[PDB]
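Here Cβ is always computed from backbone atoms with ideal geometry, including for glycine, and neighbour counts include all displayed protein chains. The values are calculated or read from the model by the stated rules, or taken from the named source; no laboratory instrument gave them.
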Amino acid sequence: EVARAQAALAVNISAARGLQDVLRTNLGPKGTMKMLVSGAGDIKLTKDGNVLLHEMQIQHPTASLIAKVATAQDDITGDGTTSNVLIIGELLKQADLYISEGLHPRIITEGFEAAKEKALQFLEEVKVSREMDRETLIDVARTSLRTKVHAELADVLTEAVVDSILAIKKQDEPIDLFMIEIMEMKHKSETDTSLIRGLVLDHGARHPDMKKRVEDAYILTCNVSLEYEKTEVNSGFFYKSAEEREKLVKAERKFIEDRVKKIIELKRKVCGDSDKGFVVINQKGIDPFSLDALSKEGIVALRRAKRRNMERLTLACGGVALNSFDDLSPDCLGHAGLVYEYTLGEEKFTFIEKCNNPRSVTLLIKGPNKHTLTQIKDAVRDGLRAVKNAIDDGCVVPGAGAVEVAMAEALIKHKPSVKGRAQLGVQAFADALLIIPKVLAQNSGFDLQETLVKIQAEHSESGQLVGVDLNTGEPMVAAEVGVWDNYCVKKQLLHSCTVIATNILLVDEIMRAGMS
Amino acid sequence: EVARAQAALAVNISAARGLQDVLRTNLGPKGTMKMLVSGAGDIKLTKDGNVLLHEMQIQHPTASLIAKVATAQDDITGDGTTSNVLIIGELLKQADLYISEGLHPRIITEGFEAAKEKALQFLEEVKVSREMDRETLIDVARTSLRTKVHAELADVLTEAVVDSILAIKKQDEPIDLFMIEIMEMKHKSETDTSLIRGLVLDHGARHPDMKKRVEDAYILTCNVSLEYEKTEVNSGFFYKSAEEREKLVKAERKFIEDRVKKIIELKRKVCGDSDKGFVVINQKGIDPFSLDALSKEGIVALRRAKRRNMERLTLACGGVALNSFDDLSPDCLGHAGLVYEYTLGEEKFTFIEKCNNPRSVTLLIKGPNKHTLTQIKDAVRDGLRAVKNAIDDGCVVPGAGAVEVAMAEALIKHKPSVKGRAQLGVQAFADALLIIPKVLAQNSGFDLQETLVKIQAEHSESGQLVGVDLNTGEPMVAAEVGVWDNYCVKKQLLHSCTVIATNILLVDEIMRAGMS
Amino acid sequence: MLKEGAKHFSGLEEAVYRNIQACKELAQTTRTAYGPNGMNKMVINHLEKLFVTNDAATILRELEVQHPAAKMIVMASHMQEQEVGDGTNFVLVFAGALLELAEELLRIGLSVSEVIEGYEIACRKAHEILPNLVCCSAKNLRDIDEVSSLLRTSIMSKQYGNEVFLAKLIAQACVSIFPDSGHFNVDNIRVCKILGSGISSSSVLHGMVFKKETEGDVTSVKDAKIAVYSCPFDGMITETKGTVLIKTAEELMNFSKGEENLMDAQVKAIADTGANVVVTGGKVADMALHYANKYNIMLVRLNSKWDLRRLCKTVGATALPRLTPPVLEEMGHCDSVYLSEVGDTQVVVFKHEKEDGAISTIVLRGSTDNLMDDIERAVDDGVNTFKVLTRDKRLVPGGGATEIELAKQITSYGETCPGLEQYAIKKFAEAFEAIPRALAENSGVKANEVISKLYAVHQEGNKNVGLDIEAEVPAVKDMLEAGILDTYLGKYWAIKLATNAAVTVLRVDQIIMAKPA
Ligand SMILES: Nc1ncnc2c1ncn2[C@@H]1O[C@H](COP(=O)(O)OP(=O)(O)O)[C@@H](O)[C@H]1O
Ligand SMILES: Nc1ncnc2c1ncn2[C@@H]1O[C@H](COP(=O)(O)OP(=O)(O)O)[C@@H](O)[C@H]1O
Ligand SMILES: Nc1ncnc2c1ncn2[C@@H]1O[C@H](COP(=O)(O)OP(=O)(O)O)[C@@H](O)[C@H]1O
């Protein structure tokens, strides 16, 4: 009820340190994966930051709120939820130490804001442009795949991603990630990828072995009742007399015969040979006695079609979906260039390509029938997101821990003003930016201070952006190897860290109340 | 029995921090006094560092050993036991923090040694000489009294100290603090001091009121049995016959009569008037019937004399102590120029001055009959020690917290070498030297960081030795006010601090064994 | 934990707690007195007599405290008692008020140096403004009523019933020796106790007065030299028992004759050497009194250690408790020794006054031995108050009329100099309102209305609350014409000692550790 002390800040710092120590071994390509299982024994492997933070059982409410706030700011850029809690924890520890020494949170907040402004100015002045081509996107996708998946199958996916990006992007407006469908199958091998330039149909026909070399084909989408079921029906209500239902069944059969005769005469009128083929898509069943008579003249009819399939077919080609099989204008009939039938498993697939306006690429992937296929899909999605983020702008700054060192050197040496109160916060903000290279050197398997002072001496003697090597621990330049990054991601991360560290030190007392 | 952890360093750092926090409020003239009482309710008031550390009950063995080591290094210079545990505690805390971060004690020790060498070189290069006169010693004694006694009677004490120093020191060899006797009395007032240029005799005569204006006086020291007791004695063994003891008493009386006749004829031969007086010092009693006959001619004899009194008399004047009252050469008779009798209390004192070679000054002090007289004596002894230390050398550097700032600025900026491992210790050694001005500003009644950054900005703008003001908290120059210090004291303090901080981090494990 | 061994509770928090509560509890058992009231307290120590006292001196001399904060004030109390006559509870009340008013300043958030500086400034201002409220003064000390009024005013603080006869007796005893001008001693007046009638039959007498009987003859000569002794009539011949019933009469008669001859030779040698009288301090015997009557030698009977101690410290002789007859080595200055009959009792009178260093001894008599103690205390207090070593005493209207004026002056002076030194001045001014409150609370009425009335009339400085019922609520009386004044130097010394004690208490306040064995 009554509490006038400083235990709230203490428990907040403790929770922040605990959350920072819990998640800190998932940075860099040489990290350790994690597993989650609880519901009916479902083994799920993960290593991402947002996926882990969204599916966990945290017993601390402050840590849960911090994770929720961090995940709420992940829909802005690509992937920026990781490598954020460490700097926040370091800043909070420095603020707690300065409070225990004797200071006010207002001066600390002012110094943090000044340091953030100085870092933003330094990042804006240090940026550089580069001509976007094929090698840059290839290197970006390779780095993304290395940071996501292991260094094995990271070579056959980047090429397909670059090819799909080059085939989709061809205009000047920003591209959209809604025309690329990522499907999955079940095979025995592991490394198996395919880049289809057309559409994919899961279902086919019940009577195969007739023809498959149909060039210029005409596709018509409808939704009429061709053959739903042979069972007698009426109007959704059972009756007692059989004469009425048998007459209704006879009338339905006569209507089906009239419809198949109409479509036969339509195919005979619009064609008349074997080169001009016709394909019909219907969600209802197809009788074999009528399917044989249809295939005798040269027109294929498919059964059991999904809604998304016909939606993509009418969106890529451009056809009107009517509820009649009458003789109308052939303007709604879509054109198809090449049709192929792939026989594998218990259902044959259909691949249609060489159509008008190829704006539909399919990235077919296969797995060894487990849960790693979802991980591969998430990795390729993160890679596509990184490629899209690296194509909207024209400035790419190097990474590999070569930006925080220069930022700290500019914040410590070239001070913007002369003030001890502001310096007390500037030093704390600059000392919290060197946690990334230390953590990288610790996870790589080397020392922490030796490599740090080596990089410091290399940057003080030379003056270029010195990176961190994960092989021999020697200071090298990341501007000539191939390690790159983004632009707005660092700004968003800095803004999020400043917002989180600002609205934390102003906590006075925590009372126990509330009912809702 | 078996232990392999790092709890020893942890408990050592904890004990060091506790010992630093226990004694830290006794720095500067505006310090708080303490009290000690345990033995039969004896109230004792003190404020010194060694006196407190020597009479305390510590429950920790490590703290007791540290206090013993600190007290064993106070017999070199004057007073350097204070303002030492703070820097050691700060260095130990920095070393513990660097160990918890991840480092080796060898690099820390090497960096500490390098920083100590750099500080020694800076102190040797920054020293300056000054002509020793009267105002410098006056200011030094005034500061030494202000750092111990209150700012009320810090005038007649330093004036008398300077007068005694000028009267004693007149040769070229270093002076000795063994010819100055500090006596004490019992009066009603508080501020009562006197500087006697002669000797002091506690006892006098049993029959006063005869004469006191004795100019040229001859003093002779002996130890014969003039009148020990009227009781019959023999040879330390009681007998049965009374004739033998009465004959021995008669023979002793005849010998006493012969001795007094001999000294009477000696006084009549060597004098014969009333100007040349004859004073006799004897530790035995004096009969009044013989004392009257002695005073009838003009010779005074004192009874009940201490050994130190006759020792000082024969050391200042120069007389042979014989065991006979025969007519011998007057070469052993010391000369006295002025004799005075002071009547106060229950015993009259004798003051002899105007003698040959005045090398005996007495600093008489009176108190209000309590325990503060011992404190005043300790304060005047510390002042005399500081004056003696300030007279052996010829170089005096300013103080008031103006040497540590320049040392830290030289250790941080102008680095002797370029090495991260050495800098890791140099920064820790430089950050621990700022514990004096911060504590001084905290004890004065002001802030801790505001005054620090103000002094830093003043030293960066101007460049002179800026001190700390204990009145308004504004940065001022200590080279024009009157605040001074020593030379070898700082070197001894730095050596002791380095020795203590070096042989502490090398502690491995502490086992429980031993029998002696 | 690191220094103390679970003995004391000192540290960085008892500065504004344990170091003030002890003094508050010590001063709380003292505000019940201070004023003409009947608040007697029984004292039980080692005499096992159950006696009630009123003064705080005997109360503090018997209480045993085990705290340095409480022991730091008894030293100042003893110093004030040794300096002037009265003055004891004032210093304690002032120190308690100062501590209680500084507790709030310490709890607010102020350093002790500023409070000490403000207290010193206020004390200096009070000492400078003190020599300004002088009203009456001493005229001639050779009169009777001029000193009798002051003696009555000094006695009224202790005894309220009878105070005129005792004051007149003290004035007559002091005026018969020497006045304040020149030289006047204090240890030249003795008080004797006589178990007879009440206190309404006392008298005065110059010279030595001792209740000692005489079984010899009246020796009114000048050659009767005194000869003090320890126990001369003890037992020079120790006799034992041989059988059970009785021994041979020959040996007993021979021993008796030998003892008689020995004592006869002893008294002959002690009388022929130049000593007609002898001071004995033992028992008596039939042959002893027979020889004393047949040899014209005065023989005493009553013996006391105080009597021989006074005779040794006054004359300068030495008792010789020896068996063999010694020599005459106790020659003094007395010669005129007379006998008088007072209250059917024989008393001695010594006459040896040469108009310098005269002595006097007042005759006191009461019911029991538990009532003369207060009378002797009042007598010695009046004697000490009469001594001032100055011709003009410069009396000030005491009782609380000057404290309010001093507080108002300090308050008016403090509202001028800016800075952080006004709070200490205001506290020192408000601490002066502890004398009228204790005097009003120990009567029967409240103290807020009395203070309001004293502050609402005028700033004349001659108004104070009375003692009767018709002077409690109004409290408007002029003490200048009544004869209620106080000592000027006494209040100054009390204020100085209280300020010194407060400074010493506020200075030494940190950690109280112990000492190693
Ligand atoms: N090829 C590389 N070489 C060295 N370091 C790299 C490389 N790729 C990424 N990093 C490091 O990984 C860190 C970010 O990794 P992570 O948190 O997994 O996010 P992402 O998966 O977006 O890289 C960066 O700080 C960067 O320094
Ligand atoms: N007159 C002064 N003005 C300001 N500071 C002083 C003065 N005299 C001494 N000091 C400070 O007191 C410190 C040492 O005090 P202390 O530990 O009591 O030893 P000492 O008694 O030898 O001075 C020094 O660091 C010095 O800065
Ligand atoms: N008859 C009286 N009328 C007015 N005031 C009195 C009277 N008797 C005593 N007082 C007051 O009581 C106070 C305490 O007196 P006293 O007990 O003699 O001194 P202390 O309290 O120091 O022992 C004095 O200051 C005096 O002014």
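Before moving on, here are some points about what is shown:
- Annotation note: Cβ proximity below 6 Å between a residue of region B:401-422 that is within 12 Å of chain A (Cβ to nearest Cβ) and a residue that is surrounded by fewer than 19 Cβ atoms within 10 Å (Cβ to Cβ) (sequence gap 6+ or interchain) occurs for B:420/A:453; B:421/B:107.
- Among the conditions (1) within 14 Å of another protein chain (Cβ to nearest Cβ); (2) free of Cβ contacts under 8 Å to residues at least 24 places away in the same chain; (3) over 30 Å from residue C:120 (Cβ atoms), residue B:150 misses just one, which is (3).
- Taken over region B:1-51, residues that are small (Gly, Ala, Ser), in contact with a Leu (Cβ under 9 Å, 6 or more places away or on another chain) and in a loop (DSSP other than H, G, I, E, B) amount to 2.
- Any chance residue A:508 is within 30 Å of residue A:4 (Cα to Cα) and either away from ligand 1 (no atom under 16 Å from the Cβ) or in the same structural domain as residue A:144 (by CATH) (or both): yes
- Residue A:165 vs. criteria more than 14 Å from chain B (Cβ to nearest Cβ), more than 16 Å from ligand 1 (Cβ to nearest atom) and not small (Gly, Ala, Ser): yes
- Residue B:37 under 21 Å from residue B:143 (Cα atoms), of a type outside the set (S, T, N, Q), within 13 Å of chain C (Cβ to nearest Cβ) and away from ligand 1 (no atom under 16 Å from the Cβ): no
- Qualifying residue in region B:440-450 (condition: away from chain A (no Cβ under 14 Å) and either in contact with a strand residue (DSSP E or B) (Cβ under 7 Å, 6 or more places away or on another chain) or among the hydrophobic types (A, V, I, L, M, F, W, C) (or both)): yes
- Set side by side, the residues C:62, C:48, C:104 differ, and just one is in contact with a strand residue (DSSP E or B) (Cβ under 7 Å, 6 or more places away or on another chain), loosely packed, with under 14 Cβ neighbours inside 10 Å and either basic (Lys, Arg) or not assigned by CATH to the domain that holds residue C:379 (or both), which is C:62.
- Just so you know, in region B:68-82 the residues that are within 16 Å of ligand 2 (Cβ to nearest atom) and among the aliphatic types (A, V, I, L, M) include one that is surrounded by the fewest Cβ atoms within 10 Å (Cβ to Cβ), and it is B:76.
- Condition check for residue B:424: over 13 Å from residue B:405 (Cβ atoms) and more than 16 Å from ligand 3 (Cβ to nearest atom): yes
- Residue C:457 in contact with a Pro (Cβ under 7 Å, 6 or more places away or on another chain), more than 16 Å from ligand 1 (Cβ to nearest atom) and more than 27 Å from residue C:179 (Cα to Cα): no
- Residue C:80 vs. criteria touching a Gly at 6+ places or on another chain (Cβ under 9 Å) and part of a loop (DSSP other than H, G, I, E, B): no
- Test result for residue C:298, out of contact with any helix residue (DSSP H, G or I) (no Cβ under 9 Å at 6 or more places or on another chain) and closer than 24 Å to residue C:222 by Cα: no
- Region C:461-483, residues that are of a type in the set (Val, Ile, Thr) and either away from ligand 3 (no atom under 14 Å from the Cβ) or not assigned by CATH to the domain that holds residue C:451 (or both): C:469, C:473, C:476
- Restricting attention to region C:1-49, the residues being touching a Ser or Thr at 6+ places or on another chain (Cβ under 8 Å) and either among the acidic types (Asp, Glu) or within 13 Å of another protein chain (Cβ to nearest Cβ) (or both) number 1.
- Residue within region C:297-316 that is surrounded by 13 or more Cβ atoms within 10 Å (Cβ to Cβ), among the basic types (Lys, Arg) and assigned by CATH to the domain that holds residue C:219 present: yes
- Of residues in region C:157-174 being of a type in the set (A, V, I, L, M, F, W, C) and crowded, with 16+ Cβ neighbours inside 10 Å, the one farthest from residue C:200 (Cα to Cα): C:174
- Within region C:184-201, the set of residues being of a type in the set (S, T, N, Q) and more than 21 Å from the chain's Cα centre (by Cα) comprises C:197, C:200, C:201.
- Among all residues of region C:342-351, there is at least one that is assigned by CATH to the domain that holds residue C:214, touching a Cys at 6+ places or on another chain (Cβ under 6 Å) and surrounded by 13 or more Cβ atoms within 10 Å (Cβ to Cβ).
- Per-region count, region B:55-79, residues within 28 Å of residue C:509 (Cβ to Cβ), in contact with a helix residue (DSSP H, G or I) (Cβ under 8 Å, 6 or more places away or on another chain) and either part of a strand (DSSP E or B) or more than 9 Å from chain C (Cβ to nearest Cβ) (or both): 6
- Among the candidates C:478, C:509, the residue that is surrounded by fewer than 18 Cβ atoms within 10 Å (Cβ to Cβ) and not aromatic (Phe, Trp, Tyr) is uniquely C:478.
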